[PDB]
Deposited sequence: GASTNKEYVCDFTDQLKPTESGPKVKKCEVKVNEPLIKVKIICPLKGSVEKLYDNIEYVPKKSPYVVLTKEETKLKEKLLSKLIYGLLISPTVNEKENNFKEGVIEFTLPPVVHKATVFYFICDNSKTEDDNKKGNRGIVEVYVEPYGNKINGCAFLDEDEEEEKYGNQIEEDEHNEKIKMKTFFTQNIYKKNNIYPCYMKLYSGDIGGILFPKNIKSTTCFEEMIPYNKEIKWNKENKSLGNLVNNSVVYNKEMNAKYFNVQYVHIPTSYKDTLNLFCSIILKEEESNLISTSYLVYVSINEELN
């Protein structure tokens, strides 16, 4: 709902005479860019009722559980799903169950079925003859999507995670002798994305787009994609998500006008340099 699945255990786990029960939140994902949010009541948030609650993994959502043999074992979510977005904060609080909630946004493309788990377990809290419930989240991600319209600035000079970086975007750009600037061509309804270089220093994509018509007029006032294309969405626009130097964009179906835009990227260079180099990135929308 609203591209967000919520598992809210706030009112699911309190001790009752018939507890413990198992409260299972089943999240099934088969479409792009879904945000998953999990709320787990904190010990002490109500006087007695969560006194022995525990959440697993402690480092959720960075670390998740998967089922191996018959056991739940900890794995890094970013290794399970390339391009997944974990932001450091949720409403300006650490993205960690010690603040009561975690969130992450799944990417435009998932190649293989992936199933992982979180636990929010109040079944060891007792009060008189009551016991709390055991909360479990099962996230089942089905394969979905196809390559992302956009560009992957790849770390090698020429042509297990390196394989994903090379199959995820429609245009690959290698470090050495690049003769093809990134050109992301989108139409109404499309998802786009750029994996920015590992040694990126800064970029004006996509907060400072410059419109142009055939020839570049360097003086033209810049504007964000969100302000140029009403109801567009940019993901990880802060580029503060862990692991992946990526941004995604979505162009709404409502948007049927044509734009030609550019932004640019600066790399980390030897401090010996007097002159810095900005490399242009081209974005077109509904190019006729």
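- Residues of the deposited sequence lacking C-alpha coordinates, counted from 1, fall in the stretches 1-3, 163-175, 305-306.
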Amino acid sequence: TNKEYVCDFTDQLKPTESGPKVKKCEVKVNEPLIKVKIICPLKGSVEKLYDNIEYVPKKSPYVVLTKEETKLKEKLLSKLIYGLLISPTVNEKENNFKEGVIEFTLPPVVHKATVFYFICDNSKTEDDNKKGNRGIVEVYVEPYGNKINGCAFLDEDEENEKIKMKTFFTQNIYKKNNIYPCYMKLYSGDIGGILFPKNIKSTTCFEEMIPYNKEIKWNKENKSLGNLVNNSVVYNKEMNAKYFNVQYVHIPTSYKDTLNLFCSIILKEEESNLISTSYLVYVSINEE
From here on, numbers count along this sequence of modelled residues.
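- Residue 81 is built in all of the other entries compared, counting only those with both neighbours built, so it is not a gap in a third.
- Checked against the other entries of this protein, residue 133 counts as resolved in every one of those spanning it, not missing from a third of them.
- In this entry, 214-222 has the higher mean Cα B-factor, the comparison being between 83-91 and 214-222.
- Averaged over Cα atoms, the B-factor as recorded in the entry is higher for 232-240 than for the other of 232-240 and 56-64.
- Of the candidates 196, 97, 118, 174, the deposited coordinates give 174 the top C-alpha B factor.
- The PDB entry gives the largest Cα B-factor of the residues 160, 133, 114, 129 to 160.
- Ranked by C-alpha B-factor against the other modelled residues of its chain, residue 155 falls in the highest third.
- Per the PDB record, residue ranking by Cα B-factor puts residue 205 in the lowest third of the chain.
- Residue 262: CA B factor in the middle third of modelled residues in this chain (values from the PDB entry).
- Residue 165 sits in the highest third of its chain by CA B factor, as recorded in the PDB entry.
- Among the modelled residues of its chain, residue 14 has a C-alpha B-factor that falls in the lowest third, as given in the PDB entry.
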